[PDB]
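Both ligands and their constituent atoms are indexed starting at 1 by order of listing. Here, residue 1 is the first one in the sequence, and each next residue gets the next number.
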Amino acid sequence: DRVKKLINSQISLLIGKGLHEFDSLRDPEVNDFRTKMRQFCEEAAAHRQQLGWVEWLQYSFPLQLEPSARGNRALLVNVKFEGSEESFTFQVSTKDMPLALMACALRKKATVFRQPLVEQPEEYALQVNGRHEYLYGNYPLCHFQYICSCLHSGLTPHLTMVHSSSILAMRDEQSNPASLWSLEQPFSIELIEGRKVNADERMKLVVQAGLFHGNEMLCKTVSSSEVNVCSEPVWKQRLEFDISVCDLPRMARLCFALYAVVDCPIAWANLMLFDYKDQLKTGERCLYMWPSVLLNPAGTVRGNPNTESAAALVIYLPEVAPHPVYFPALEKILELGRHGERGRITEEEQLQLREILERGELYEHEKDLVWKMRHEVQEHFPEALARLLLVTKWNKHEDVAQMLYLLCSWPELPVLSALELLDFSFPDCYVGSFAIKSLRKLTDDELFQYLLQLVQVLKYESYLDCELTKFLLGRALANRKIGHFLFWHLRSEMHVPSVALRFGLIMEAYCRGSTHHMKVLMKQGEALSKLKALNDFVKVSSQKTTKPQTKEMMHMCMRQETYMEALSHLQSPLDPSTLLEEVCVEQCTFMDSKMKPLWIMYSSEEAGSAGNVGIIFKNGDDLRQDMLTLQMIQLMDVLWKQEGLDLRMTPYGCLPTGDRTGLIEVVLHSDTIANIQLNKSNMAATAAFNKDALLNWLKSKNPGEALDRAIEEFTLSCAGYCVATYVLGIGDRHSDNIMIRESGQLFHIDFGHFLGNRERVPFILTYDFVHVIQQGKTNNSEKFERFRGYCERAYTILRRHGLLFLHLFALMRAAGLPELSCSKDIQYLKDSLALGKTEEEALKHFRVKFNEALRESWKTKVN
Ligand SMILES: COc1ncc(-c2cc3c(c(OCCN4CCC(C(C)(C)O)CC4)c2)COC3)cc1NS(C)(=O)=O
């Protein structure tokens, strides 16, 4: 009653779209999606509320383990018990498990409190002080990201013993409240008229129409007659296609482009020929067209919601039968596909097939041999499914039936293979369903790693209710960190009309599954709303007065009760494990670039030093490409660490949250190379030669024996970023967008341009950095060549995972980023990783690029 109405208003506010707008569409596909997904998500919520206390820790605080640990040394730890000011500091080993640490804390408590405690270490979990992060399970302490981080920074781990009854209290508080194949005639449509068309009156209007199965044409395109430009053009003509109705695949899309000719593009529109209930569409359709920025098959199959201004195309789908017609059921397809001749070939033809399947464009005879030998592909080359799918004639229903017969007994494939199958190049729904089935084995860590790409794939989906949406919702409702990022990736695109409906519906369903998480996300949205209002003030004030004046006025605005309340006590959108407790107004400011990004600092007495965290709020720029670049850098770091190579990278958080809005994580104790190289007087870093500035700064932050470790951190991170920027073609690199941590770690910021966007970005070696690597010496081949060895090792590891980067970037094409919109952009990655070459050929090639970059660096060393 009253609670259902309040929850509806809270979802509406959170997702940025009134739920009443869904009802107003009177769309059965929307209605069925809402009902089915609410039931699915409420079932997941019921399962969650009865989880055991350890399972509930797995849901809410999923373990953050080191990449080498997934699937010796002395350490001091500080441990306290919940709600007690008193703590215990003790020595443990990096190889010890949390249970031994907890048993030690319990024996310590029993001696102090003078009682032989009933509590066993099995009744507890260790919280990282003031963070939503826990250590539990049968893992050595150094396997935990928190401990491994402390061990490298030299800091003492601070942990809280939390009893099972306290974890159960958290679970309880967080509860939700109480026949086609007989139709041989050619497919045809009637193009009736156009409405609200805007073009040059001197020209003529033409409608180009094509039938597609993904990117592939099902037959040649057909064009209407040229008619004179006017607001309401009238064609009333039949467009006939070179394909029988019986041969239309299930996922066939009819694509239109309206243009003006003397070519002047105007608009485009697509639609699925079968509806969500597998019925062949008949009757009139008014297609509200999307403005053209000619045929766009990857474009959405839903009409433009701006019906007041959009050009409209009115078409007629003829009634092909006196009764409704549905795509044949799976049982009928398999029955037809069951029949076929097994391929019989010579020992040479078997060697010919093995060659092409293990090799990826083919010639016609190569395609025919693959299709002929399809049974052998299934039985002995199952990972070559994608090749067989690409040779299948999707315009012949018998060939499709034969392919589906094999797909239905195809063995599950590795994750890497399934990622390729999510591409728009594989539009069939059974293929889509097969790909998801092979992705069910993704660990939560892998899923989190590829979540951004899986969300982009939703933009290629033809219908609202789909296996990918159910999969993501199911995984999000079983892991709070996944749920957090799924919400933000969808929410940050609500201002995009082509996805607002789909994304709004998914976010509503998720909210049905966790009323409590909806409220936690609302608190984050309230802080972002205040940051946007504050940033607008800063933008205006910065153009009228001095920075100390704008900063004092920013502080006065933040000190208002409504701002102090909204900006405090939230989970960070960048990392829900990070708690943003007390906003430190005195330390807040803004940066001097065009959009005046805000620099917001927080503190938390419960987290101690670890509670000192910062966020950058930036409004005016699209942060999606920065996020993708940083996530690709983070992936390189994981892949290197899995081979035991830690290049001390800094993949700081970057999250779009709204229209040209997002957050960026602050890396404290860091400064830009430009600021350090200003070589200011009366500073500990001041130098005789500007080349000494960076090394002098590192020496001032790392006195005595600590200097050596800082130079090594610099060398390792420099190698990681040299390789990362070269592979990704990160350009426009200068002293203002390269930073250094006091630890010595170098890192890059502000990823404006990548994939050479178009010019081939060469490998870069900067003399100032070569100088630090060489410990300030002019000649130090021992250190310089160790650094070259790190670059080579890093590069060879990435090449081995070359296909993973290609498959992920291929899926990213769905995002519509201007620097990742075609094959040329992905060709850049193929060249940088030299994937066509042997490891020896690619290493020789990299060596030539590294040596070319050294000679270029030496043009500075000569000076
Ligand atoms: C996508 O856009 C960006 N991407 C990343 C960053 C970024 C990230 C990080 C850091 C940064 O520091 C910039 C140095 N410095 C910090 C302190 C500032 C003081 C408090 C004194 O005003 C003075 C500037 C900057 C540090 O940790 C991580 C900034 C931008 N946007 S921009 C270029 O318009 O600023």
Taking the six-membered ring for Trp, are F448 and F485 closer than 6.0 Å centroid to centroid?
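So the answer is yes for these two rings.
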
Could you name each residue pair satisfying side chain to side chain donor-acceptor pair (under 3.5 Å) that touches residues 608-620, not counting sequence neighbours?
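Only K618-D621, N619-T661 qualify under side chain to side chain donor-acceptor pair (under 3.5 Å).
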
So which pairs with a foot in residues 584-601 pass side chain to side chain donor-acceptor pair (under 3.5 Å), sequence neighbours left out?
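For residues 584-601, and leaving out neighbouring residues, the side chain to side chain donor-acceptor pair (under 3.5 Å) pairs sorted by first residue read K547-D592, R559-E586.
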
Pairing residues for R660 by the salt bridge (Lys or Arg N to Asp or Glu O under 4.0 Å) criterion, not counting sequence neighbours:
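None.
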
Heavy atoms, side chains only, cut-off 4.5 Å: are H158 and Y146 in contact?
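The answer is yes; the side chains approach within 4.5 Å.
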
Decide whether a cation-pi geometry holds between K849 and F763; the criteria are a distance under 6.0 Å from NZ or CZ to the six-membered ring centre and an angle within 45° of the ring axis.
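Not satisfied by the 6.0 Å and 45° rule.
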
Using a cut-off of under 3.5 Å, which N/O atoms of ligand 1 pair up with protein N/O atoms, and what distance separates each pair?
residue  : atom   : partner : partner atom : Å
ligand 1 : 2 (O)  : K618    : NZ           : 3.0
ligand 1 : 27 (O) : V667    : N            : 2.8
ligand 1 : 31 (N) : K618    : NZ           : 2.9
ligand 1 : 34 (O) : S593    : OG           : 2.6
ligand 1 : 34 (O) : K618    : NZ           : 3.1

